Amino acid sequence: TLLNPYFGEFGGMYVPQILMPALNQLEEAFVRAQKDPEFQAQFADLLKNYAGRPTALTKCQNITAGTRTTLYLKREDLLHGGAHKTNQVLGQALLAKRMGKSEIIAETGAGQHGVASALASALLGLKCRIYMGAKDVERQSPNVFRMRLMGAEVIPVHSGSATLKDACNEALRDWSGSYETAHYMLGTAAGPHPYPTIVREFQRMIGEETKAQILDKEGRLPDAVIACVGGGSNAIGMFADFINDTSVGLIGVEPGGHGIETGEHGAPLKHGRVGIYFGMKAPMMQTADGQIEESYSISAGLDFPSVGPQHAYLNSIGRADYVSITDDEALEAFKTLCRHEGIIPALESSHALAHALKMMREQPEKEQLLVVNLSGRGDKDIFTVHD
């Protein structure tokens, strides 16, 4: 390969031999595209005029009242589609096109990655095929209709636990015999190389924009940047540009579900076990037998059974810290932002906000310049929180 498939001990390229040429092709088209000004200008154009780039950085004043904390929010909820996922897919769709490919395959859980993949493919004339665990298709009706309305083929996966895990499997199965005309649009900064590197590089805007923005608004880098971690995309997109700024703390927030102690969570990086699956060596929701398990969270989008290799690596060397947040904790952060700031946050993002609120509430006299990545919109979650 041209780039290192690993981040320390994590990553790799654990896919059947048949798919290796596809990963080598993809890697090389990415490196070329990255050095191609025509590609860069094309991606930048789609990002600006079609998606809404750059996104705002909102100073939440009311919320931090009575404390010495200053909190900003990366407004990824204002991107087209309602989530940061839109950045990633646009670039990957252009990559598929650069490769001479005209078919897209996509895995999805809460349906947010599928909607994103579907809109990108519609816009760029790609044939989109999307796999969704049957249990998620029954659970995520509005996203399924949105996907179908945008031309995408939605295909229910009934194998295994009929959820994300199984949808991912099906996509790689499909890809193992269709790679020659179709590209696999992976949904997060995980999976086999070059994917974790590509999704990151295609999510970098977030942290790159947050830097210039905070430097303009406060003339200083933040004390810390916080982001939820389901798979790792929105978090690494934020973290990326701040990694070499050692004074800025990086905080990844994993879903705690009903509590770590109950085993009903989605915190593999911190409470999981290293294993090899989905073309990756990384922390995982696993049984004692090494059978792959499911990730639980009140938020559907934070249910990827593992985490990105770079995160597991940033945690290993101490560059970044990973904590968790329960369902109730996320519910409260969600409630509070609605009421004091007039912003309905995705329940995914709410976990990140919940940690920032903790940092504040716990040390109210501590001077802190905080930025939380509001990866998505919460209009989605109105019913769920309501019940």
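Each residue number is its position in the shown sequence, starting from 1.
Stretch comparison (36-44 versus 346-354) by mean CA B-factor in the PDB entry places 36-44 on top.
Just going by the entry, 327-335 versus 61-69 on mean CA temperature factor gives the higher value to 61-69. Comparing C-alpha B-factors across 202, 239, 145, 195 in the deposited entry, the largest value falls on 145.
Ranking 181, 234, 306, 316 by the C-alpha B-factor listed in the PDB entry places 181 at the top. Among the modelled residues of its chain, residue 216 has a C-alpha B-factor that falls in the highest third, as given in the PDB entry. Residue 256 sits in the lowest third of its chain by CA B factor, as recorded in the PDB entry. Placement of the Cα temperature factor of residue 310 within the chain: lowest third of the modelled residues, per the deposited record.
In the deposited entry, the Cα temperature factor of residue 186 sits in the bottom third of values across the chain's modelled residues.
For residue 77, the recorded CA B-factor ranks within the lowest third of the chain. Only modelled residues enter the ranking.
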